[PDB]
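A.B. asks: Quick one: the structure is below, and I'll ask about it shortly.
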Amino acid sequence: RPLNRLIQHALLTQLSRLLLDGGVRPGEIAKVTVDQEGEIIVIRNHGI
Amino acid sequence: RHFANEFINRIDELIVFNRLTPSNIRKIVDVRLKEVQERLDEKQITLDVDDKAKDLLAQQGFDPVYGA
């Protein structure tokens with residue numbers, strides 16, 4: 001049950017923000033990996 | 001524990017508010033004085049509040065039991 005909550009509060013949080021300003025263009029493969037602080041980071045492709 | 005297990009977990013966001021922190025007391029009296037000054041700008045009336053009047057309102061109109 002808590003597994004569905006961590007996805008919408010970490011994985012689906014940063015990725016949904018880049019789909020509004022211009023981070024992830026509709027047609028680019030996004031990369032999901034970890035950073036240096038132990039958190040699911042979303043590496044953006046294009047800028048604002 | 002008041003509801004069932006099939007209702008307390010279906011909510012996608014559980015926001016838990018916190019108490020009135022001392023570091024956020026200054027930001028409370030700032031937005032209250034802006035609404036009064038905004039309503040007076042139509043009649044060409046500008047009201048300014050210094051730092052002396054903000055100290056009295058920050059130690060009297062704040063209670064840990066009630067709040068605002």
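Every chain in the structure tokens has a letter given in the order shown (A, B, ...), and although residue numbers restart at 1 in each chain, ligands are simply numbered from 1 in the order shown.
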Hey, which bits of chain B sit within 12 Å of chain A, and for each residue what's the closest pair of atoms and how far apart in Å (one decimal), counting only C-alpha atoms, rows by chain and increasing number, as a Markdown table?

C.D. replies:
| residue | atom | partner | partner_atom | distance |
| --- | --- | --- | --- | --- |
| B:5 | CA | A:1 | CA | 10.1 |
| B:6 | CA | A:1 | CA | 10.2 |
| B:7 | CA | A:1 | CA | 11.7 |
| B:8 | CA | A:1 | CA | 10.6 |
| B:9 | CA | A:1 | CA | 7.1 |
| B:10 | CA | A:1 | CA | 8.9 |
| B:11 | CA | A:5 | CA | 9.1 |
| B:12 | CA | A:5 | CA | 6.7 |
| B:13 | CA | A:5 | CA | 8.1 |
| B:14 | CA | A:5 | CA | 10.1 |

A.B. asks: Keeping C-alpha atoms for every residue in the selection just given, could you write it to a file as a short mmCIF file (atom, residue, chain, number, x, y, z; two decimals), in the first residue's frame?

C.D. replies:
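The file below, out_19.cif, is the result:
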data_model
loop_
_atom_site.label_atom_id
_atom_site.label_comp_id
_atom_site.auth_asym_id
_atom_site.auth_seq_id
_atom_site.Cartn_x
_atom_site.Cartn_y
_atom_site.Cartn_z
CA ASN B 5 -8.22 0.23 5.93
CA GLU B 6 -9.83 0.58 2.48
CA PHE B 7 -10.43 4.33 2.93
CA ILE B 8 -7.44 5.77 4.82
CA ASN B 9 -5.01 4.51 2.15
CA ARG B 10 -6.93 5.41 -1.02
CA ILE B 11 -6.21 9.11 -0.46
CA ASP B 12 -3.31 10.20 -2.67
CA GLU B 13 -2.17 13.07 -0.41
CA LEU B 14 -2.32 13.43 3.39
#

A.B. asks: Just how far from CA of residue 24 in chain A is CA of residue 41 in chain A, in Å to one decimal?

C.D. replies: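 Going from CA of residue 41 in chain A over to CA of residue 24 in chain A covers 13.8 Å.
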
A.B. asks: With only C-alpha atoms as the atoms that count, which of A:48, A:43, A:11, A:17 lies nearest to residue 29 in chain A?

C.D. replies: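 Closest to residue 29 in chain A, using only C-alpha atoms: A:43.
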
A.B. asks: When DSSP works through the backbone of this structure, what residues of chain A end up as strand (DSSP E or B), shown as a VMD selection string?

C.D. replies: chain A and resid 31 to 34 40 to 43

A.B. asks: Pull N, CA and C atoms from the residues just selected and write them as a PDB file, in the first residue's frame.

C.D. replies:
ATOM      1  N   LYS A  31      15.264   9.874 -18.656  1.00  0.00           N
ATOM      2  CA  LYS A  31      16.125   8.996 -17.875  1.00  0.00           C
ATOM      3  C   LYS A  31      15.805   9.161 -16.396  1.00  0.00           C
ATOM      4  N   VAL A  32      15.657   8.039 -15.697  1.00  0.00           N
ATOM      5  CA  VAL A  32      15.354   8.023 -14.271  1.00  0.00           C
ATOM      6  C   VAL A  32      16.467   7.264 -13.563  1.00  0.00           C
ATOM      7  N   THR A  33      17.151   7.940 -12.643  1.00  0.00           N
ATOM      8  CA  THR A  33      18.241   7.336 -11.891  1.00  0.00           C
ATOM      9  C   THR A  33      18.336   8.024 -10.535  1.00  0.00           C
ATOM     10  N   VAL A  34      19.327   7.617  -9.751  1.00  0.00           N
ATOM     11  CA  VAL A  34      19.551   8.180  -8.436  1.00  0.00           C
ATOM     12  C   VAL A  34      20.627   9.256  -8.530  1.00  0.00           C
ATOM     13  N   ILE A  40      15.272   9.725  -5.836  1.00  0.00           N
ATOM     14  CA  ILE A  40      14.967   9.497  -7.245  1.00  0.00           C
ATOM     15  C   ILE A  40      14.985  10.826  -7.986  1.00  0.00           C
ATOM     16  N   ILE A  41      16.068  11.087  -8.711  1.00  0.00           N
ATOM     17  CA  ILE A  41      16.212  12.328  -9.457  1.00  0.00           C
ATOM     18  C   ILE A  41      15.803  12.088 -10.907  1.00  0.00           C
ATOM     19  N   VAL A  42      15.348  13.152 -11.564  1.00  0.00           N
ATOM     20  CA  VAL A  42      14.917  13.105 -12.956  1.00  0.00           C
ATOM     21  C   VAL A  42      15.838  14.018 -13.751  1.00  0.00           C
ATOM     22  N   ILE A  43      16.712  13.423 -14.556  1.00  0.00           N
ATOM     23  CA  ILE A  43      17.641  14.188 -15.383  1.00  0.00           C
ATOM     24  C   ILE A  43      16.878  14.765 -16.568  1.00  0.00           C
TER      25      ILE A  43
END

A.B. asks: Using DSSP on the backbone coordinates, identify all residues within chain B classified as helix (DSSP H, G or I); present the result as a PyMOL selection string.

C.D. replies: chain B and resi 22-40+51-57

A.B. asks: Next, write the just-selected residues to a file, as a short mmCIF file (atom, residue, chain, number, x, y, z; two decimals), in the first residue's frame, keeping N, CA and C atoms as the atom set.

C.D. replies:
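As a result, part.cif now contains:
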data_model
loop_
_atom_site.label_atom_id
_atom_site.label_comp_id
_atom_site.auth_asym_id
_atom_site.auth_seq_id
_atom_site.Cartn_x
_atom_site.Cartn_y
_atom_site.Cartn_z
N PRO B 22 7.79 30.28 15.45
CA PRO B 22 8.20 31.67 15.72
C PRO B 22 8.86 32.35 14.53
N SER B 23 9.44 31.59 13.60
CA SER B 23 10.09 32.19 12.44
C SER B 23 9.11 32.65 11.38
N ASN B 24 7.85 32.22 11.45
CA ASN B 24 6.83 32.60 10.48
C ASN B 24 5.85 33.62 11.03
N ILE B 25 6.09 34.15 12.24
CA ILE B 25 5.18 35.14 12.81
C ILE B 25 5.30 36.46 12.06
N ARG B 26 6.51 36.82 11.63
CA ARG B 26 6.71 38.07 10.91
C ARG B 26 6.00 38.07 9.56
N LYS B 27 5.92 36.91 8.90
CA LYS B 27 5.25 36.84 7.61
C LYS B 27 3.74 36.91 7.73
N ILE B 28 3.19 36.72 8.93
CA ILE B 28 1.74 36.77 9.11
C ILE B 28 1.26 38.22 9.13
N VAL B 29 1.95 39.08 9.89
CA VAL B 29 1.55 40.48 10.00
C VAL B 29 1.88 41.28 8.75
N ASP B 30 2.66 40.71 7.82
CA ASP B 30 2.99 41.43 6.60
C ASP B 30 1.87 41.36 5.57
N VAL B 31 1.26 40.18 5.41
CA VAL B 31 0.17 40.04 4.45
C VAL B 31 -1.13 40.64 4.95
N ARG B 32 -1.27 40.85 6.26
CA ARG B 32 -2.48 41.46 6.79
C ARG B 32 -2.49 42.97 6.55
N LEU B 33 -1.33 43.62 6.65
CA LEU B 33 -1.25 45.05 6.39
C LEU B 33 -1.30 45.39 4.91
N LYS B 34 -1.00 44.42 4.04
CA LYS B 34 -1.06 44.68 2.60
C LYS B 34 -2.50 44.77 2.11
N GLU B 35 -3.40 43.98 2.69
CA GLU B 35 -4.80 44.03 2.28
C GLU B 35 -5.46 45.35 2.67
N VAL B 36 -5.08 45.90 3.82
CA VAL B 36 -5.64 47.19 4.24
C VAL B 36 -5.11 48.31 3.36
N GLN B 37 -3.82 48.27 3.02
CA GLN B 37 -3.25 49.30 2.16
C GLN B 37 -3.76 49.19 0.73
N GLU B 38 -4.05 47.97 0.26
CA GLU B 38 -4.55 47.80 -1.10
C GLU B 38 -5.95 48.38 -1.25
N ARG B 39 -6.81 48.21 -0.25
CA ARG B 39 -8.17 48.73 -0.30
C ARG B 39 -8.22 50.25 -0.18
N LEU B 40 -7.15 50.89 0.29
CA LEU B 40 -7.10 52.34 0.43
C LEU B 40 -6.43 53.02 -0.76
N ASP B 51 8.46 49.54 11.83
CA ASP B 51 8.81 48.36 12.61
C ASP B 51 8.38 48.46 14.06
N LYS B 52 7.96 49.64 14.53
CA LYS B 52 7.55 49.79 15.92
C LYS B 52 6.14 49.24 16.14
N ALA B 53 5.23 49.47 15.19
CA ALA B 53 3.87 48.98 15.33
C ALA B 53 3.74 47.49 15.09
N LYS B 54 4.68 46.89 14.35
CA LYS B 54 4.63 45.46 14.08
C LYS B 54 5.06 44.62 15.27
N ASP B 55 5.80 45.20 16.22
CA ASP B 55 6.25 44.45 17.38
C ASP B 55 5.13 44.22 18.38
N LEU B 56 4.19 45.16 18.50
CA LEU B 56 3.09 45.00 19.44
C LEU B 56 2.07 43.99 18.92
N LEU B 57 1.84 43.97 17.61
CA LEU B 57 0.88 43.03 17.04
C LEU B 57 1.42 41.61 16.96
#

A.B. asks: When you draw a straight line from CA of residue 14 in chain A to CA of residue 45 in chain A, how long is it in Å?

C.D. replies: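 Straight-line distance from CA of residue 14 in chain A to CA of residue 45 in chain A works out to 13.2 Å.
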
A.B. asks: Give me, please, the distance in Å between CA of residue 30 in chain A and CA of residue 10 in chain A, quoted to one decimal.

C.D. replies: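 Rounded to one decimal, the two atoms are 15.2 Å apart.
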